[PDB]
């Protein structure tokens, strides 16, 4: 019992080590992962401007994560886990530490959020996407968010401070880095920090990633197995964010909102144990992010190891690289792309050359086929969403049946499918069997009966029963 006997934190030797070992494991895994990532994204050098934007945002994320681990952890391990008093890094050490910590933190939260926006635009607004962001415009946006991170961390230079809390006036063992302004200001700072680096991005992420996942689910067996993992990764990313960051913000808020008359030896002891738990998870974020945001990638799988409607239509329309005549006698190419209704084969050919911008002679590549396909599906969903008679029906449907509606619009057009007035109300009211019986009575069903029945079957079951042929 001396003048700094009160500053003593009582965490058992067991815990302190178990936590050190954990921390040091995260430190190797995380610093490697984020570095390897930086190395691996540098040499990729993609051609597409949409996929390279993502590579930039991902690079930014990996740096801000690396920097958390390198700047926040060493000092935490010495001064907040093992040796709580005295603070051994001076007044400017105290101010600089919380500045940097919060900056990297802000930079990660904003990164993760901006990335989610980027992906929302790429997929849901592809027209604007290409016209709204290219290599130089994102490079500048990444800069905007490191400056913004830097600005939002400035308050921590003015609110943290070195201070002697010894019983005695001032013994050198009683110096501690801690907030040193009116609880009123500390309470407001803290809550801003909590809103601007947890709540705000929480919504952005949690909403946009759910909208992407759902949309990407409908857009989409070996051929597409990676895109289905991507969907799972997207839902995982939110889960990872909440679990790893919420308890860290809970703990900061408890630090300031529990008043002096309420602090006991019990809560005080419980805090510093909780501190161990919340900060382990906090850092885990930085260690997992590289391996989570990049596991579904192509080479990357190897790399660290070296240290609905697409499917349905690909069955129903097939893939041909040379010009053919469809069911009805019209020249078509690729995956169901109708070129023209004119009986002239030169008219088709002319129209094809026009479609891609190259003197094909009536033959195309697999990549060209898929380029046209993505455009025609874009076209079919816009048709549905702007149509008074199809949008309500589409909205009411699960992901599998939505695709089956897109199948019909792909084959027949917006205004074609719109004529199925009674079958569409049945679908909208979940009368799956009635709809199916009624769809089977149509001209569409006589013209192309296998395809029709597969779609019909999909409508009545919501299963993949009809598409065993899919790869």
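Positions refer to the first chain, counted from 1.
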Between residue 220 and residue 221 - deposited residues without coordinates, as a size class: 10 or more
Residues of the deposited sequence that sit between residue 144 and residue 143 yet are not modelled: none
455-463 or 15-23, whichever carries the higher mean Cα B-factor: 15-23
Higher-scoring stretch by recorded Cα B factor average, 224-232 or 123-131: 123-131
Given 305, 400, 369, 380, the residue at which the Cα B factor reaches its maximum: 305
Residue, from 212, 338, 295, 238, that the PDB entry assigns the highest Cα B-factor: 295
Residue 85 - which third its CA temperature factor falls in, relative to the rest of the chain: highest
Ranked against its chain, the third holding the CA B-factor of residue 56: highest
Where the record places residue 343 (Cα B-factor, split into thirds across the chain): middle
CA B-factor ranking of residue 168, expressed as a third of its chain: highest
CA B-factor ranking of residue 332, expressed as a third of its chain: lowest
